[PDB]
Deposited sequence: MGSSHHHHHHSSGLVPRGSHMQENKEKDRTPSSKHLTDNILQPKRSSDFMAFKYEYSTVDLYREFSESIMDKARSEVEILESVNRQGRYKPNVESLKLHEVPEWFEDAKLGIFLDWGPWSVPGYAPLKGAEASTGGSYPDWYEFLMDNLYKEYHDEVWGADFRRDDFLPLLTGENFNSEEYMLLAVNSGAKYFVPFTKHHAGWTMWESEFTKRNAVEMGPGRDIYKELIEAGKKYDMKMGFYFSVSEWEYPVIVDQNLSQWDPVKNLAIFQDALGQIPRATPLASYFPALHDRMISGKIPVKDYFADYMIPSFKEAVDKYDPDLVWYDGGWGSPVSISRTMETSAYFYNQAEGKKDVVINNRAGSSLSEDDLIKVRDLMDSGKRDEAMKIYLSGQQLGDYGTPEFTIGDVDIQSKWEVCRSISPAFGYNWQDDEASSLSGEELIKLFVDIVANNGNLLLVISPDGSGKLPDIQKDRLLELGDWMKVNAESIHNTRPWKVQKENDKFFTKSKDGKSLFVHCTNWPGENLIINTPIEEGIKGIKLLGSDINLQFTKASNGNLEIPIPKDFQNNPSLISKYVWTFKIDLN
């Protein structure tokens, strides 16, 4: 049904024993809650003071004055490291479980194991195997931060975004605000510190991926919620993050249900003020990222989540130090009344999406505005997170990946390419292969990608265009080998100085027909094996007067 005898399929160990962390949720309440809330209050005061004195205030109009940095316009390619406890089971259906994005989500396994993936989980892992039993299996024994960074450098990428904290709240950094962190649970290392250090050594821009909301969080309450509640003054905070209907804002807390879903999380009174804001601040202050990649901002509107304050802080602390950027996932600017009207009834929803420097279409590019900056995120397959089933049949070829990349870049996009390791931190050879092919292609063709801008036309048949910033170099990316002759129909107004195929030093002949078309004879010597010069896509650089 779901359990195979395939060695590649991660499955329950014969030596499985329940993971009961040193501190229960109640232990954390008794021993750490007051300490953390005290620390949080002092950190939030500091952040609020920075914003009071700073250029950027926590409001849409102030934050809108921030500009996309040159480096982000220029980067074109980033690497998105989708690694966390979900990497251990490494499962989504190959087909039929797609979200509205068109992607599938192995990286939602921690949540979906109780519902959509429950049949699989029960057969492969066991009904008695809880979410947190994946944490000790996230060993990282094969995870080498510097090698991942070198892989990204070699691929042609210009930024690297680790999944620093996803929806179940495990932090890749050693945080003072949670024990659900990479040092205490899983690999026993500050993975983010290692990646940040590697990024500095290889001169790579570094992101900070941060889920605003979490699926469940233990909170301190005055009144209990039902006559059945076993533990006074604790409940479980839930917002819209899970998407499926749930109890909101509070569910009754039951240790035998909840503890092994929330190991390490310290109860607080106010999820946002006492935990989310100070942990954001901590990571920014300690690691100094170039980019914030919010996610999970649909949990609560920003009036509640207070992400305009984290955004203002990020920009203010960067002033005079570095150029930084934020995606568009902080959350909604809608009022309670407009959120009600959306539920009762997309037009109104989009009117409330007003925060961030760039758009983030996911998997499906769709109807992007090419006049503004955007970034599409996806892996080589539909899967966000490792899928042990992913293979040649399910994944883009190197060829397809390169052609998609070119299309993205011509249309003003960046590609944020997801790579998804297994529980040990090993990258599947198929993903490594596609990175190698992209990198090998970029070694020849990168000047037509990095630091370019859209042209007046993006596409002509099988050809995609980019231009240099100054407009004096036009790049024609042919996704089919043009053979004996390259003909360009789109009018070129300026005089032409010369033409070359990237990967060859030889200057090409060229003439303008009277109808305006460009004719470019291709040397016979290239026709035998054009892939020797460049594989899959052949890029011609046209120098203008």
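No C-alpha positions are given for the deposited-sequence stretches 1-33, 379-387.
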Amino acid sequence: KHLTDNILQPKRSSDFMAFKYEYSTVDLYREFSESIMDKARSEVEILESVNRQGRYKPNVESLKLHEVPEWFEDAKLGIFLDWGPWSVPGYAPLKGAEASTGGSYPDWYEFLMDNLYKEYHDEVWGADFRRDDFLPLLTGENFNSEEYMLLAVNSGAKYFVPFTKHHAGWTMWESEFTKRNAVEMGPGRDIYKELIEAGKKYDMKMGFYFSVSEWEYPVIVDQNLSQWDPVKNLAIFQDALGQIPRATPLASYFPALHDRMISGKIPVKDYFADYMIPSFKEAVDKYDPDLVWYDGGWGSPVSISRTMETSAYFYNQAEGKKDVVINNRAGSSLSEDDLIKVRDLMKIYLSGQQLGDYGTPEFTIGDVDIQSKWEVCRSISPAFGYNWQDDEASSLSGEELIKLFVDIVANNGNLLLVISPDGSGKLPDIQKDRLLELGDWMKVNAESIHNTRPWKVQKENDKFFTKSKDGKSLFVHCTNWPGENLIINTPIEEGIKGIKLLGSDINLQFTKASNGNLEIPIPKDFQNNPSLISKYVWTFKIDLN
From here on, numbers count along this sequence of modelled residues.
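Once the C-alpha B-factors are averaged per stretch, 471-479 and 447-455 rank with 471-479 first. In this crystal structure, the stretch out of 325-333 and 408-416 whose C-alpha atoms carry the higher mean B factor is 408-416. Annotation for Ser33, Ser504, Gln53, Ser62: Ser504 ranks highest, by Cα B-factor. Residues shown: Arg189, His166, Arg343, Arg306. Highest C-alpha temperature factor in the entry: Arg343. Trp86 sits in the lowest third of its chain by CA B factor, as recorded in the PDB entry.
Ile496: CA B factor in the highest third of modelled residues in this chain (values from the PDB entry). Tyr148: CA B factor in the middle third of modelled residues in this chain (values from the PDB entry).
Among the modelled residues of its chain, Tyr349 has a C-alpha B-factor that falls in the highest third, as given in the PDB entry. When all modelled residues of the chain are sorted by CA temperature factor, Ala92 is found within the middle third.
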